[PDB]
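Excluded from the calculations below are hydrogen atoms, water molecules and symmetry mates; all remaining heavy atoms, backbone and side chain alike, are included. Atoms within each ligand, like the ligands themselves, are counted from 1 in listed order. Positions are given from 1, in the same order as the sequence printed here.
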Amino acid sequence: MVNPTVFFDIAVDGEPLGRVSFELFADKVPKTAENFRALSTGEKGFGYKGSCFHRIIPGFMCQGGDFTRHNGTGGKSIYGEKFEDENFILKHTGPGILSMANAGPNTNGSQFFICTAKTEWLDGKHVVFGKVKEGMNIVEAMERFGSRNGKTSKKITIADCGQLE
Ligand SMILES: NC1=CCC=NC1=O
């Protein structure tokens, strides 16, 4: 039935910032939503708890999910391999959209980004699979620690994460 909700508790240099929660569009992109959900609960033995947002570009997006190499070169899905672009039904319409980062067609792993603006040029290239439900203000606060080239000025971490309800 109803789409799952997951949360991230964000810290900045180890200090609590706040919680961001997401609605995952399992009704439209079930395989992609499931990967992110499971990575958020940690139920497979690995996932996002303790990982960082390693690339944040103000006015554009905050990117994370590289829990293996911590820098954009790693991550892994729950499927034992990278997975296909499920569909491109949903578009990058504005702030708060949750979408998969990738290195080309059919290469989804665990990396994802949260848009801070409408990023329509990514439509058909990145699978949109959720949106911020609560704590977009916390994403805005994280965005302030980014820079033009994406390097963050403080370490932005997922101190805790899980599924709500
Ligand atoms: N070009 C990009 C697309 C999505 C997330 N991060 C990027 O740097």
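- Between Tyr79 and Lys31 the shortest side-chain heavy-atom distance falls below 4.5 Å.
- Of all protein heavy atoms, the one lying nearest to atom 6 (N) of ligand 1 is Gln63 OE1, 3.2 Å.
- In summary, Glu43 and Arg37 engage in a salt bridge, as defined by a charged side-chain N under 4.0 Å from a carboxylate O.
- Below 4.0 Å from some heavy atom of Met61 lie the following atoms of ligand 1, by number and element: 5 (C), 6 (N).
- Counting protein heavy atoms only, atom 1 (N) of ligand 1 is closest to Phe60 CZ, 4.1 Å.
- Put simply, the side chain of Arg19 does not reach to within 4.5 Å of the side chain of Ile138, judged on heavy atoms.
- Close N/O approach between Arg55 and ligand 1 is found [any backbone or side-chain N/O within under 3.5 Å].
- In this structure, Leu39 is a member of the same hydrophobic cluster as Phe112, with clusters built from ILVMFWY side-chain heavy atoms closer than 4.5 Å.
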